[PDB]
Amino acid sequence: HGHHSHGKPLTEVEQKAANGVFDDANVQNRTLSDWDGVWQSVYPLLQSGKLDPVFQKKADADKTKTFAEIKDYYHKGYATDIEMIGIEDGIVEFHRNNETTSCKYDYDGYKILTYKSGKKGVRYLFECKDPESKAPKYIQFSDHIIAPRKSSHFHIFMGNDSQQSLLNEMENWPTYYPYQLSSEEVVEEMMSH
């Protein structure tokens, strides 16, 4: 200590929401600034073998999967060449093999998704309307939050076809944690929930 936590403790309603249990009437619009900061892809952590304990734990609990099946699922899930994303002043900047593209994204609302389990998630949609940018036309953030609050980590869906295409995406879900975390810290956070 230090001060090891951040930031306000979750209310019971927020903890349920973070776990996919919420009333649609409680979902609110957010702005891009909820994702401000500098963000690291988790994919190299998978590749370095640092996430192997996450996968083994799962393989043990699940009689129907092997470690190899589980790790391959996450390999495809996290795979991206966008090692770092920077968000500031309304602009998303994607770093991809030390090459950057960026756009000042426009917000396009949220979409509430329901799963066969009964649980739900919220996607926050943005669109690039800058004809000079090479950044993806459509992006969506998915994190544990349904109302204005700074994100702890997220999936970001990206493409040039439609928002619906991203709502439907099952196989690839590039995932990002705060850049300043140690790999150990990222693994702890992944493991924590």
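Position 1 is the first residue in the sequence shown; the rest follow in order.
Relative to its counterpart among 41 to 49 and 25 to 33, 41 to 49 has the higher mean temperature factor, C-alpha atoms as listed in the PDB entry. The stretch 78 to 86 shows the higher mean C-alpha B-factor when 78 to 86 is compared against 108 to 116 in the entry. For the set 65, 144, 150, 155, the PDB entry puts the maximum C-alpha B factor at 65. Among all modelled residues in this chain, the alpha-carbon of residue 160 has a temperature factor (C-alpha) in the middle third. Residue-level temperature factors show residue 11 in the middle third of its chain, judged at the C-alpha atom. Sort the modelled residues of the chain by CA B factor and residue 139 lands in the lowest third. Among the modelled residues of the chain, residue 123 sits in the lowest third by CA temperature factor in this PDB entry. Per the PDB record, residue ranking by Cα B-factor puts residue 175 in the lowest third of the chain.
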